[PDB]
file structure-v5.csv (CSV, C-alpha atoms)
chain,number,residue,atom,x,y,z
A,1,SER,CA,46.4,146.2,69.6
A,2,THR,CA,48.3,142.9,69.4
A,3,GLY,CA,49.7,140.6,66.7
A,4,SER,CA,50.5,136.8,66.6
A,5,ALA,CA,52.4,135.0,63.8
A,6,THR,CA,53.7,131.5,63.4
A,7,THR,CA,57.5,131.1,62.9
A,8,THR,CA,58.7,128.0,61.0
A,9,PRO,CA,62.2,126.4,60.8
A,10,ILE,CA,63.7,126.8,57.3
A,11,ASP,CA,65.3,123.3,57.3
A,12,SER,CA,65.6,120.1,59.4
A,13,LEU,CA,68.3,121.6,61.5
A,14,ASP,CA,66.5,124.7,62.7
A,15,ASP,CA,69.2,126.8,61.0
A,16,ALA,CA,66.8,129.8,61.1
A,17,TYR,CA,63.1,130.6,61.4
A,18,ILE,CA,60.9,132.4,58.9
A,19,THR,CA,57.7,134.4,59.7
A,20,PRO,CA,55.3,135.7,57.1
A,21,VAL,CA,55.1,139.5,56.8
A,22,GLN,CA,52.6,141.5,54.8
A,23,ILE,CA,54.1,144.6,53.0
A,24,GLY,CA,52.3,147.2,50.9
A,25,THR,CA,48.9,147.6,49.4
A,26,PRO,CA,47.7,145.2,48.1
A,27,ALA,CA,49.7,143.0,50.5
A,28,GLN,CA,52.9,141.3,49.3
A,29,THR,CA,53.7,138.5,51.7
A,30,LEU,CA,57.4,137.8,52.3
A,31,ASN,CA,59.0,135.3,54.7
A,32,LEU,CA,61.4,137.2,57.0
A,33,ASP,CA,63.9,136.1,59.5
A,34,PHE,CA,63.0,137.9,62.8
A,35,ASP,CA,66.3,139.0,64.3
A,36,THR,CA,66.6,140.3,67.8
A,37,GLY,CA,70.3,140.9,67.2
A,38,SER,CA,69.8,143.6,64.4
A,39,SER,CA,67.6,146.6,63.7
A,40,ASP,CA,67.0,146.8,60.0
A,41,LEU,CA,63.9,145.5,58.1
A,42,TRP,CA,65.3,144.7,54.7
A,43,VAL,CA,63.9,142.7,51.8
A,44,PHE,CA,64.8,141.1,48.5
A,45,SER,CA,63.1,143.4,45.9
A,46,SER,CA,62.6,144.3,42.3
A,47,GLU,CA,65.8,146.4,42.8
A,48,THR,CA,68.0,143.5,43.8
A,49,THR,CA,70.7,142.6,41.2
A,50,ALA,CA,69.1,139.9,39.2
A,51,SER,CA,72.1,137.5,39.4
A,52,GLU,CA,71.8,137.7,43.2
A,53,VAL,CA,68.2,136.5,43.4
A,54,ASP,CA,67.7,132.7,43.4
A,55,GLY,CA,64.2,131.7,44.4
A,56,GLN,CA,63.3,134.3,47.0
A,57,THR,CA,60.0,136.2,46.9
A,58,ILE,CA,60.7,139.9,46.1
A,59,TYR,CA,59.0,143.1,47.2
A,60,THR,CA,58.0,145.3,44.3
A,61,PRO,CA,57.4,148.9,45.6
A,62,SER,CA,56.0,150.1,42.3
A,63,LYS,CA,53.1,147.7,42.7
A,64,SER,CA,52.2,149.1,46.2
A,65,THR,CA,49.9,152.1,46.3
A,66,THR,CA,51.2,153.0,49.8
A,67,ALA,CA,54.9,152.8,49.1
A,68,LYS,CA,56.9,156.0,49.1
A,69,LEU,CA,60.6,156.4,48.3
A,70,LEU,CA,62.4,157.8,51.4
A,71,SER,CA,64.4,160.3,49.4
A,72,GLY,CA,68.2,160.1,49.8
A,73,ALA,CA,68.1,157.3,52.3
A,74,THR,CA,70.5,154.4,51.9
A,75,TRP,CA,71.4,151.4,54.1
A,76,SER,CA,74.3,148.9,54.4
A,77,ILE,CA,74.7,146.1,56.9
A,78,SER,CA,77.2,143.4,57.8
A,79,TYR,CA,76.4,140.5,60.1
A,80,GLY,CA,78.6,138.4,62.4
A,81,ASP,CA,78.8,135.6,59.9
A,82,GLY,CA,80.4,137.7,57.3
A,83,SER,CA,77.2,138.2,55.2
A,84,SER,CA,76.0,141.6,54.1
A,85,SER,CA,73.4,143.6,52.1
A,86,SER,CA,72.7,147.2,51.1
A,87,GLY,CA,70.3,149.4,49.1
A,88,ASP,CA,67.7,152.2,49.3
A,89,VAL,CA,64.6,152.8,51.4
A,90,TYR,CA,60.8,153.0,51.1
A,91,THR,CA,58.2,153.6,53.7
A,92,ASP,CA,55.1,151.4,53.4
A,93,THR,CA,52.5,149.6,55.5
A,94,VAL,CA,53.8,146.5,57.2
A,95,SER,CA,51.6,143.9,59.1
A,96,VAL,CA,52.7,141.0,61.2
A,97,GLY,CA,50.1,138.5,62.4
A,98,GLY,CA,47.3,141.1,62.3
A,99,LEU,CA,49.3,144.0,63.8
A,100,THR,CA,49.8,146.9,61.3
A,101,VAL,CA,52.3,149.7,61.2
A,102,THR,CA,52.0,152.5,58.7
A,103,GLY,CA,55.1,154.4,57.5
A,104,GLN,CA,57.5,151.6,58.4
A,105,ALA,CA,60.9,151.9,56.8
A,106,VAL,CA,61.3,148.9,54.3
A,107,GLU,CA,64.9,148.7,53.2
A,108,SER,CA,65.1,147.5,49.6
A,109,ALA,CA,68.1,145.4,48.7
A,110,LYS,CA,70.1,146.4,45.7
A,111,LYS,CA,72.9,144.0,46.6
A,112,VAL,CA,73.1,140.9,48.8
A,113,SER,CA,76.0,138.6,49.6
A,114,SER,CA,76.3,135.1,48.4
A,115,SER,CA,74.9,133.4,51.6
A,116,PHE,CA,71.7,135.3,51.2
A,117,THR,CA,71.4,134.4,47.5
A,118,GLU,CA,72.1,130.8,48.3
A,119,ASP,CA,69.3,130.6,50.9
A,120,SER,CA,66.0,130.5,48.8
A,121,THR,CA,63.8,130.3,52.0
A,122,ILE,CA,64.7,133.7,53.5
A,123,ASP,CA,63.2,136.8,51.7
A,124,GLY,CA,64.8,139.3,54.1
A,125,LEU,CA,65.3,140.2,57.8
A,126,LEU,CA,63.1,142.0,60.4
A,127,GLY,CA,65.2,143.5,63.0
A,128,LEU,CA,64.1,143.6,66.6
A,129,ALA,CA,67.1,144.9,68.5
A,130,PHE,CA,67.1,148.6,69.6
A,131,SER,CA,66.7,151.2,66.9
A,132,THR,CA,70.1,152.8,67.7
A,133,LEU,CA,71.6,150.0,65.6
A,134,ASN,CA,69.6,150.8,62.5
A,135,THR,CA,71.9,151.5,59.5
A,136,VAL,CA,69.7,153.9,57.5
A,137,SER,CA,71.6,157.1,56.6
A,138,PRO,CA,71.4,160.0,56.8
A,139,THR,CA,68.2,159.6,58.9
A,140,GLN,CA,68.2,156.6,61.2
A,141,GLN,CA,64.9,154.6,61.1
A,142,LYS,CA,62.9,152.8,63.8
A,143,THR,CA,62.2,149.1,64.0
A,144,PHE,CA,58.8,147.5,63.5
A,145,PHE,CA,58.5,147.0,67.3
A,146,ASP,CA,59.5,150.5,68.1
A,147,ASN,CA,56.9,151.9,65.7
A,148,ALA,CA,54.2,149.6,67.0
A,149,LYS,CA,55.0,149.9,70.7
A,150,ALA,CA,52.7,152.9,71.6
A,151,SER,CA,49.7,151.1,70.1
A,152,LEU,CA,50.3,147.7,71.7
A,153,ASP,CA,48.3,146.6,74.7
A,154,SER,CA,51.6,146.1,76.6
A,155,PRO,CA,55.0,147.2,75.2
A,156,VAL,CA,56.4,143.6,74.7
A,157,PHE,CA,57.0,140.9,72.2
A,158,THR,CA,57.6,137.2,72.9
A,159,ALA,CA,59.7,134.6,71.1
A,160,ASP,CA,58.5,130.9,71.4
A,161,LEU,CA,60.7,129.0,69.0
A,162,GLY,CA,60.1,125.4,68.3
A,163,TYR,CA,62.6,122.5,68.2
A,164,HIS,CA,62.1,120.9,64.8
A,165,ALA,CA,58.6,122.4,64.8
A,166,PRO,CA,56.8,125.7,64.3
A,167,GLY,CA,56.5,128.3,67.1
A,168,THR,CA,55.2,131.8,67.6
A,169,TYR,CA,56.1,135.5,67.8
A,170,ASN,CA,53.5,137.5,69.7
A,171,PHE,CA,53.3,141.3,69.9
A,172,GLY,CA,51.6,143.2,72.7
A,173,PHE,CA,50.6,140.4,75.1
A,174,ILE,CA,52.0,137.5,77.1
A,175,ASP,CA,50.2,134.2,76.3
A,176,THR,CA,50.0,132.6,79.8
A,177,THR,CA,49.2,129.2,78.2
A,178,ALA,CA,52.5,129.0,76.3
A,179,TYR,CA,54.9,128.3,79.2
A,180,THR,CA,55.1,126.4,82.5
A,181,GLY,CA,55.9,127.8,85.9
A,182,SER,CA,56.7,131.5,86.2
A,183,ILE,CA,58.6,134.0,84.0
A,184,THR,CA,61.9,135.1,85.6
A,185,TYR,CA,62.8,138.7,84.6
A,186,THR,CA,66.4,139.9,84.4
A,187,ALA,CA,68.0,143.3,83.7
A,188,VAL,CA,69.0,144.5,80.2
A,189,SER,CA,71.7,146.8,79.1
A,190,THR,CA,71.0,148.7,75.9
A,191,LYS,CA,74.4,150.3,75.7
A,192,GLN,CA,75.5,148.2,72.7
A,193,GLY,CA,72.0,148.3,71.1
A,194,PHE,CA,71.3,144.6,71.9
A,195,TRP,CA,69.1,142.7,74.3
A,196,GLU,CA,72.1,142.2,76.5
A,197,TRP,CA,71.8,140.5,79.9
A,198,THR,CA,73.8,138.5,82.4
A,199,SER,CA,73.2,134.8,83.0
A,200,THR,CA,74.0,133.5,86.5
A,201,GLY,CA,75.8,130.3,85.5
A,202,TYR,CA,75.6,126.9,83.9
A,203,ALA,CA,75.5,123.2,84.4
A,204,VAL,CA,76.5,120.3,82.0
A,205,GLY,CA,74.1,117.3,82.1
A,206,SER,CA,73.4,116.2,85.6
A,207,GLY,CA,76.4,118.0,87.0
A,208,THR,CA,76.5,120.6,89.7
A,209,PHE,CA,75.6,124.2,88.8
A,210,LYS,CA,78.5,126.6,88.5
A,211,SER,CA,77.6,130.1,89.7
A,212,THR,CA,79.3,132.6,87.3
A,213,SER,CA,78.2,135.7,85.5
A,214,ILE,CA,78.0,135.4,81.7
A,215,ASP,CA,77.2,138.6,79.8
A,216,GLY,CA,75.5,137.9,76.5
A,217,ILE,CA,72.8,138.8,74.0
A,218,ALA,CA,69.4,137.2,73.3
A,219,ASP,CA,69.7,136.8,69.5
A,220,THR,CA,67.0,135.0,67.5
A,221,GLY,CA,69.0,135.7,64.3
A,222,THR,CA,72.0,133.5,65.4
A,223,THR,CA,71.6,129.7,65.1
A,224,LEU,CA,73.9,128.5,67.9
A,225,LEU,CA,74.9,129.2,71.5
A,226,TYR,CA,78.3,131.0,71.7
A,227,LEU,CA,79.8,131.0,75.2
A,228,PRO,CA,83.3,131.5,76.8
A,229,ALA,CA,85.9,128.9,75.9
A,230,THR,CA,86.1,127.6,79.5
A,231,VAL,CA,82.3,126.9,79.5
A,232,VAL,CA,82.4,125.3,76.1
A,233,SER,CA,85.4,123.1,76.9
A,234,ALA,CA,83.6,121.9,80.1
A,235,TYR,CA,80.6,120.9,78.0
A,236,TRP,CA,82.4,119.0,75.2
A,237,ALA,CA,84.7,117.2,77.7
A,238,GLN,CA,81.6,115.2,78.6
A,239,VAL,CA,81.2,113.8,75.1
A,240,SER,CA,83.5,111.0,74.1
A,241,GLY,CA,85.5,111.8,71.0
A,242,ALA,CA,84.5,115.5,70.8
A,243,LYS,CA,87.2,117.9,69.7
A,244,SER,CA,87.7,121.4,68.4
A,245,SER,CA,88.5,121.3,64.7
A,246,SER,CA,90.2,124.3,63.2
A,247,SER,CA,89.6,123.0,59.7
A,248,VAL,CA,85.8,122.6,60.3
A,249,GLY,CA,85.6,125.8,62.4
A,250,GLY,CA,84.4,124.6,65.8
A,251,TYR,CA,83.6,121.7,68.0
A,252,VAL,CA,82.6,118.4,66.3
A,253,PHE,CA,81.6,115.1,67.9
A,254,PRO,CA,80.8,111.6,66.8
A,255,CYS,CA,77.4,111.4,65.3
A,256,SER,CA,76.9,108.1,67.3
A,257,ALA,CA,77.0,110.1,70.5
A,258,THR,CA,74.1,110.9,72.9
A,259,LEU,CA,74.7,114.5,74.0
A,260,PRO,CA,74.2,115.8,77.6
A,261,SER,CA,71.9,118.6,78.3
A,262,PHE,CA,73.1,122.2,79.1
A,263,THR,CA,71.5,124.4,81.7
A,264,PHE,CA,71.8,128.2,82.0
A,265,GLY,CA,70.8,130.4,84.8
A,266,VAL,CA,68.4,133.3,84.7
A,267,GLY,CA,68.5,134.8,88.2
A,268,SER,CA,67.7,132.0,90.6
A,269,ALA,CA,65.8,130.1,87.8
A,270,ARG,CA,67.2,127.5,85.4
A,271,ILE,CA,66.6,126.8,81.7
A,272,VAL,CA,67.5,123.3,80.5
A,273,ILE,CA,68.6,122.8,76.8
A,274,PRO,CA,68.1,119.1,76.0
A,275,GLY,CA,71.1,117.4,74.5
A,276,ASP,CA,69.3,116.7,71.2
A,277,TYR,CA,69.0,120.5,70.6
A,278,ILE,CA,72.8,120.7,70.5
A,279,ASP,CA,73.2,118.3,67.5
A,280,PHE,CA,73.6,120.1,64.2
A,281,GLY,CA,74.2,117.0,62.1
A,282,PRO,CA,76.9,115.8,59.8
A,283,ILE,CA,79.6,118.4,58.9
A,284,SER,CA,79.2,117.3,55.3
A,285,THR,CA,76.7,115.0,53.7
A,286,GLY,CA,77.3,111.4,54.8
A,287,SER,CA,80.0,112.2,57.4
A,288,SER,CA,80.0,110.6,60.8
A,289,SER,CA,81.4,113.8,62.3
A,290,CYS,CA,78.6,116.0,63.6
A,291,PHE,CA,78.7,119.7,64.3
A,292,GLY,CA,78.1,121.0,67.8
A,293,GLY,CA,75.4,123.5,68.8
A,294,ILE,CA,77.5,125.1,71.6
A,295,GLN,CA,80.6,126.9,70.3
A,296,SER,CA,83.2,129.3,71.7
A,297,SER,CA,82.6,133.0,71.5
A,298,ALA,CA,86.3,133.7,71.9
A,299,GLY,CA,86.6,135.0,68.4
A,300,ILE,CA,83.4,137.1,68.4
A,301,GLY,CA,83.8,139.6,71.3
A,302,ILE,CA,80.4,138.9,72.8
A,303,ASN,CA,78.5,135.8,74.1
A,304,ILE,CA,75.4,135.0,72.1
A,305,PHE,CA,72.3,133.2,73.4
A,306,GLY,CA,71.1,132.1,69.9
A,307,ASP,CA,68.3,129.8,68.8
A,308,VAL,CA,69.8,126.7,70.5
A,309,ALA,CA,69.3,128.4,73.9
A,310,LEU,CA,66.2,130.5,73.1
A,311,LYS,CA,64.1,127.6,71.7
A,312,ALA,CA,64.4,125.9,75.1
A,313,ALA,CA,62.4,128.8,76.6
A,314,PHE,CA,59.5,131.2,76.3
A,315,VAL,CA,61.2,134.5,76.1
A,316,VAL,CA,59.8,138.0,76.8
A,317,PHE,CA,61.4,141.0,75.2
A,318,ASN,CA,60.0,143.7,77.5
A,319,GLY,CA,60.2,147.2,75.8
A,320,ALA,CA,59.0,149.2,78.8
A,321,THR,CA,60.8,152.4,79.6
A,322,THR,CA,63.4,150.3,81.4
A,323,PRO,CA,63.7,147.2,79.1
A,324,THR,CA,64.0,143.8,80.7
A,325,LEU,CA,64.1,140.1,79.5
A,326,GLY,CA,61.9,137.3,80.8
A,327,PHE,CA,62.5,133.6,80.5
A,328,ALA,CA,60.2,130.7,81.3
A,329,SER,CA,60.4,127.0,80.8
A,330,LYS,CA,57.8,125.5,78.5

call {"tool": "encode", "arguments": {"input": "structure-v5.csv", "output": "structure tokens"}}
result
Amino acid sequence: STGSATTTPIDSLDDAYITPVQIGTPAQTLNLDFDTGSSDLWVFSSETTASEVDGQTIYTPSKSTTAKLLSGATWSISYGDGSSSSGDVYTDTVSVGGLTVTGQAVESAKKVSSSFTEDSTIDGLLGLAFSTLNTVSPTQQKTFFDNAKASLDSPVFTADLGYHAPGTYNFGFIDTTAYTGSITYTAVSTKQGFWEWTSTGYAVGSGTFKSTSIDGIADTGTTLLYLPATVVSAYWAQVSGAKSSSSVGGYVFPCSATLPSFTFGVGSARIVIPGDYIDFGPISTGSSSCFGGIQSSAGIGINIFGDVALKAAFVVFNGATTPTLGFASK
């Protein structure tokens, strides 16, 4: 089997992407944030504290003839941005772009933090990291990809995120028309539960490539590119007037600037992020100070190849017995 679904930016900045997902019988369609940095499929629901729901579409398990309470199971998750959610668990039928999994754990939110409530466009998350990170207790549950894998034509999914435009998540096949050149594959460590790999270096604009190993994670659920402070300083030093602002929380730059590109290495291959992809717009409405799309990871503990980087590539998440990542230009 295979599946194919369109993923759409939630706003004019590409702050995140939503993909329609069918849950239950008859189908209830929710727009979920596919997140290769976490492993829980959770939704706003009829159980979510009413004051914490503000415009989202909810899953109502009592209206699904295939929903079953997973007795005794609870979940609770906290994300790198400080947001969080928790609740109980059902199993139900879940379909993405024509690919169906029966018995998928659907984690129903009883509580969500303010940033989720305040974002009316995201109805929940669909985790695509390794199932060892799933938070369900006392019986850990499998991701949608893990449950579908054995049925797929090939044990892979691909992320093809657009810049200010829709893109695609495919399951079970590699669309050879969606990228240019060849796909370069690189090793993955699953020891932390992430799609963790090592970039071979970077360049700023038309500058020379610096060969240096950069360990990080391929994370569709993080907006920006978070890299070591040395790398980030080298980038922003090429932008007149750019500075790190403790009050704003990162590098800012004059909105009048034209930004240089940023290149990262994948083995001997190179992925070029155009400068425009690094512009996240005014820090506040009407400001002439703009927020940068490359930021320091120094306060995180891990480097994160988020959407800024991934949307410059066609990315293969290869879930073979020994997982690997593939990157192609597009």

call {"tool": "closest_residue", "arguments": {"input": "structure-v5.csv", "among": "A:173, A:179, A:209, A:291", "to": "residue 327 of chain A", "atoms": "all atoms listed in the file"}}
result
A:179

call {"tool": "closest_residue", "arguments": {"input": "structure-v5.csv", "among": "A:99, A:183, A:225, A:217", "to": "residue 328 of chain A", "atoms": "only C-alpha atoms"}}
result
A:183

call {"tool": "closest_atom_pairs", "arguments": {"input": "structure-v5.csv", "of": "segment 192-254 of chain A", "to": "segment 17-20 of chain A", "cutoff": "12 Å", "atoms": "only C-alpha atoms", "output": "Markdown table"}}
result
| residue | atom | partner | partner_atom | distance |
| --- | --- | --- | --- | --- |
| A:220 | CA | A:17 | CA | 8.5 |
| A:221 | CA | A:17 | CA | 8.3 |
| A:222 | CA | A:17 | CA | 10.2 |
| A:223 | CA | A:17 | CA | 9.3 |

call {"tool": "residues_around", "arguments": {"input": "structure-v5.csv", "residues": "residue 96 of chain A", "least_positions_apart": "6", "cutoff": "7 Å", "atoms": "only C-alpha atoms", "output": "number ranges by chain"}}
result
A: 3, 5, 21-22

call {"tool": "write_last_selection", "arguments": {"input": "structure-v5.csv", "atoms": "C-alpha atoms", "output": "mmCIF file, keeping the file's coordinate frame"}}
result
data_model
loop_
_atom_site.group_PDB
_atom_site.id
_atom_site.type_symbol
_atom_site.label_atom_id
_atom_site.label_comp_id
_atom_site.auth_asym_id
_atom_site.auth_seq_id
_atom_site.Cartn_x
_atom_site.Cartn_y
_atom_site.Cartn_z
ATOM 1 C CA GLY A 3 49.700 140.600 66.700
ATOM 2 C CA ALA A 5 52.400 135.000 63.800
ATOM 3 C CA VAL A 21 55.100 139.500 56.800
ATOM 4 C CA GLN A 22 52.600 141.500 54.800
#

call {"tool": "residues_near_point", "arguments": {"input": "structure-v5.csv", "point": "(78.8, 133.9, 62.4)", "cutoff": "9 Å", "atoms": "only C-alpha atoms", "output": "VMD selection string"}}
result
chain A and resid 79 to 83 222 to 223 300

call {"tool": "write_last_selection", "arguments": {"input": "structure-v5.csv", "atoms": "C-alpha atoms", "output": "mmCIF file, keeping the file's coordinate frame"}}
result
data_model
loop_
_atom_site.group_PDB
_atom_site.id
_atom_site.type_symbol
_atom_site.label_atom_id
_atom_site.label_comp_id
_atom_site.auth_asym_id
_atom_site.auth_seq_id
_atom_site.Cartn_x
_atom_site.Cartn_y
_atom_site.Cartn_z
ATOM 1 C CA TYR A 79 76.400 140.500 60.100
ATOM 2 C CA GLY A 80 78.600 138.400 62.400
ATOM 3 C CA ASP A 81 78.800 135.600 59.900
ATOM 4 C CA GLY A 82 80.400 137.700 57.300
ATOM 5 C CA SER A 83 77.200 138.200 55.200
ATOM 6 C CA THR A 222 72.000 133.500 65.400
ATOM 7 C CA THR A 223 71.600 129.700 65.100
ATOM 8 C CA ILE A 300 83.400 137.100 68.400
#

call {"tool": "atom_distance", "arguments": {"input": "structure-v5.csv", "atom1": "atom CA of residue 161 of chain A", "atom2": "atom CA of residue 307 of chain A"}}
result
7.6 Å

call {"tool": "decode", "arguments": {"input": "structure-v5.csv", "residues": "segment 282-299 of chain A", "atoms": "N, CA, C and O atoms", "output": "tab-separated table (two decimals), in the first residue's frame"}}
result
chain	number	residue	atom	x	y	z
A	282	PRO	N	8.62	40.75	10.57
A	282	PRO	CA	8.73	41.67	11.72
A	282	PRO	C	8.55	40.97	13.06
A	282	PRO	O	7.70	40.08	13.22
A	283	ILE	N	9.32	41.42	14.05
A	283	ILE	CA	9.24	40.80	15.38
A	283	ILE	C	7.89	41.07	16.02
A	283	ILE	O	7.41	40.28	16.83
A	284	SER	N	7.28	42.20	15.68
A	284	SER	CA	5.96	42.61	16.10
A	284	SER	C	5.37	43.38	14.93
A	284	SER	O	6.10	43.93	14.10
A	285	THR	N	4.05	43.42	14.86
A	285	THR	CA	3.40	44.04	13.72
A	285	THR	C	3.92	45.47	13.50
A	285	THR	O	3.94	46.29	14.42
A	286	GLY	N	4.37	45.74	12.29
A	286	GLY	CA	4.82	47.06	11.90
A	286	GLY	C	6.26	47.38	12.21
A	286	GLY	O	6.74	48.45	11.82
A	287	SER	N	6.97	46.48	12.88
A	287	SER	CA	8.37	46.71	13.20
A	287	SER	C	9.24	46.58	11.95
A	287	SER	O	8.94	45.81	11.04
A	288	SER	N	10.33	47.34	11.93
A	288	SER	CA	11.36	47.16	10.91
A	288	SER	C	12.49	46.25	11.34
A	288	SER	O	13.47	46.11	10.61
A	289	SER	N	12.38	45.62	12.51
A	289	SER	CA	13.29	44.56	12.92
A	289	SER	C	12.64	43.22	12.61
A	289	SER	O	11.48	42.98	12.99
A	290	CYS	N	13.36	42.37	11.89
A	290	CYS	CA	12.84	41.09	11.42
A	290	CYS	C	13.52	39.94	12.15
A	290	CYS	O	14.67	40.04	12.58
A	291	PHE	N	12.80	38.84	12.31
A	291	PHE	CA	13.30	37.69	13.06
A	291	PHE	C	14.00	36.70	12.14
A	291	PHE	O	13.47	36.32	11.11
A	292	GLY	N	15.18	36.23	12.56
A	292	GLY	CA	15.95	35.33	11.72
A	292	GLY	C	15.50	33.88	11.80
A	292	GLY	O	15.08	33.36	12.84
A	293	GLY	N	15.66	33.19	10.67
A	293	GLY	CA	15.30	31.79	10.57
A	293	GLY	C	16.38	30.78	10.91
A	293	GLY	O	16.12	29.57	10.95
A	294	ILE	N	17.59	31.27	11.17
A	294	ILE	CA	18.71	30.48	11.68
A	294	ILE	C	19.02	31.04	13.07
A	294	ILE	O	19.27	32.24	13.21
A	295	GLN	N	18.99	30.17	14.07
A	295	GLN	CA	19.16	30.55	15.46
A	295	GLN	C	20.11	29.58	16.15
A	295	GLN	O	20.34	28.46	15.69
A	296	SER	N	20.69	30.04	17.26
A	296	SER	CA	21.59	29.20	18.04
A	296	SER	C	20.84	28.07	18.77
A	296	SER	O	19.79	28.28	19.39
A	297	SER	N	21.44	26.88	18.74
A	297	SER	CA	20.99	25.74	19.53
A	297	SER	C	21.62	25.69	20.92
A	297	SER	O	21.36	24.75	21.67
A	298	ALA	N	22.44	26.68	21.28
A	298	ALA	CA	23.24	26.56	22.49
A	298	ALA	C	22.39	26.28	23.73
A	298	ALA	O	22.85	25.61	24.65
A	299	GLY	N	21.16	26.79	23.77
A	299	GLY	CA	20.29	26.58	24.91
A	299	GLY	C	19.36	25.39	24.82
A	299	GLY	O	18.53	25.19	25.72
